[PDB]
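Undergrad: Below is a structure I'd like to ask you about.
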Amino acid sequence: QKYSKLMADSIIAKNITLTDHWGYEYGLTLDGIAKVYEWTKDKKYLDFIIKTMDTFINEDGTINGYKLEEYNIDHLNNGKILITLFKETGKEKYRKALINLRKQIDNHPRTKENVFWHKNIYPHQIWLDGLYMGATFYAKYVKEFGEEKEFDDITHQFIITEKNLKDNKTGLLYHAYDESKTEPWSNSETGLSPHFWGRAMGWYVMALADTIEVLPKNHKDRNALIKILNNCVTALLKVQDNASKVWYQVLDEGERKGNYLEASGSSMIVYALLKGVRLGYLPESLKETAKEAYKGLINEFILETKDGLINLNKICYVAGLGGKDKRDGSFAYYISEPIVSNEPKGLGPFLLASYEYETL
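In the entry's author numbering, each residue carries its 1-based index in the sequence shown increased by 1.
Below, the structure is given as structure tokens:
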């Protein structure tokens, strides 16, 4: 049973909201639907993608709900689906919208080591999420339109992020880092947030797999990024839940009351395992592990509804650090956020993992 199509059909039929703001998770979900278009060759999937993005992309290429001057790295992620649409349809408005997003990169603020700040409102901060939204989009953009020298910038951002956010003990990477060490959530020694959040690691491993894929084969930092991906996978396999074969919201604290197996991070990790094996970044010996983990996603997180469609359950709706609610990154904080079903932050990665599983 091909869950990529079944889930795509479920998303469309259940009319999951993908149009209420310029949300990174909406492009992510559409990126999953685009894989279903690719293999089915069924225009209804492409048409759904087009119709969804018509909310945002005006004929003149301006983007509803986007403001460049906010310098929000999340706002770049939806450029990835725009690349796909431009390649598929050749429509100029998508290219103009892409030019507008690329202009953000010109002056988006950077840390002392030249990594994009997560947002203007988060000065001096690197969050793992941003590597997927920003650096990874930038890589896809450069592959299509850019100058190859720009890949050096992108790879440097991955390398510096691993240097600053990695825990030497576990090999896992913390959710966020404040170079200025001024945020109350940031460790006075290291600037790091307190915990390993499942979805944050998921963002980083997806970002690695998707970025390495578009690098020139001879790129000077290609092996370094592959090594980082292997190291992340090693670290994640150490904390995989033995019974379920999936991952917890707070990755290394599975025995702690309140923690839970979380669908979006688990799906992202399974996608990266599968894609990493397919492209040769990870050893072929991991194939059965990856397959078993995929089946674990279905077992733990998928339920059939009476109409024969499916729900994806147990998705952390949102998490972050600081901000108006002064989010402190404690265990209690990560457990406090909503757990929801049929949320695009989980749906997209589940579609993508399904596509990779089916391809294997």
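Positions of the beta carbon are idealized from the N, C-alpha and C atoms, including for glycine.
(1) Answer yes if the stretch 191 to 199 comes into contact with the stretch 264 to 273, meaning at least three C-beta pairs across the two stretches below 8 Å, and no otherwise.
(2) Between the stretch 61 to 73 and the stretch 91 to 107, do at least 3 Cβ pairs fall closer than 8 Å?
(3) Which whole-angstrom value describes the C-beta separation of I74 and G24, a residue pair presumed to lie in contact below a C-beta threshold of 8 Å?
(4) Considering just the uninterrupted stretch of the beta strand (DSSP E) at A236, what are its terminal residues?
(5) Could you tell me which uninterrupted alpha helix (DSSP H) segments, each at least 4 residues in length, are contained entirely in the stretch 6 to 64, listed from first to last along the chain?
(6) Within this structure, are the beta carbons of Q126 and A177 separated by less than 8 Å?
(7) Enumerated in chain order, which unbroken segments of the alpha helix (DSSP H) with a length of 4 residues or greater are wholly contained in the stretch 243 to 285?
(8) Take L83 as the anchor and find which of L102, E70, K68, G66 has the nearest alpha-carbon.
(9) Can you list the alpha helix (DSSP H) stretches of 4 or more residues lying completely in the stretch 286 to 350, in chain order?
(10) Tell me which same chain residues have a C-beta within less than 6 Å of the C-beta of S11, skipping the five on either side of it?
(11) Throw me the rounded Cβ distance for the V234 and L173 pair, which I believe falls under 8 Å.
(12) In the DSSP assignment, what are the bridge partners of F117?
(13) Using the Cα positions of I303 and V319, report the straight-line distance between them to the nearest angstrom.
(14) Taking the C-alpha atoms as reference points, what is the distance between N314 and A264?
(15) Given a threshold of 16 other Cβ atoms within 10 Å of its Cβ, counted over all protein chains shown, does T90 qualify as buried or as exposed?
(16) Which whole runs of the beta strand (DSSP E) in the stretch 108 to 186 are 3 residues long or more, in chain order?
(17) Please name the residue in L237, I316, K52, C317 whose C-alpha comes closest to that of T171.
(18) Taking only the alpha-carbon atoms, compute the straight-line gap between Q250 and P124 and give it to the nearest angstrom.
(19) DSSP state of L361, grouped into three classes?
(20) Rounded to the nearest angstrom, what separates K346 and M134 at their Cα positions?
(21) Taking all protein chains shown into account, decide if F117 is buried (16 or more other Cβ within 10 angstroms of its Cβ) or exposed.
(22) Could you please give me the residues that DSSP links to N73 through a beta bridge?
TA: In short:
(1) yes
(2) yes
(3) About 13 Å separates the two Cβ atoms, so there is no contact after all.
(4) Here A236 belongs to no beta strand (DSSP E); instead the alpha helix (DSSP H) covers 223 to 239.
(5) 25 to 41, 44 to 54
(6) yes
(7) 264 to 279
(8) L102
(9) 288 to 302, 332 to 337
(10) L310, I311
(11) At roughly 11 Å, the Cβ-Cβ gap does not stay under 8 Å, so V234 and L173 are not in contact.
(12) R111
(13) The C-alpha of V319 is placed about 20 Å away from the C-alpha of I303.
(14) Approximately 7 Å, taken between the alpha carbons.
(15) exposed
(16) 126 to 128, 177 to 179
(17) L237
(18) 26 Å
(19) coil
(20) 12 Å
(21) Buried.
(22) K120
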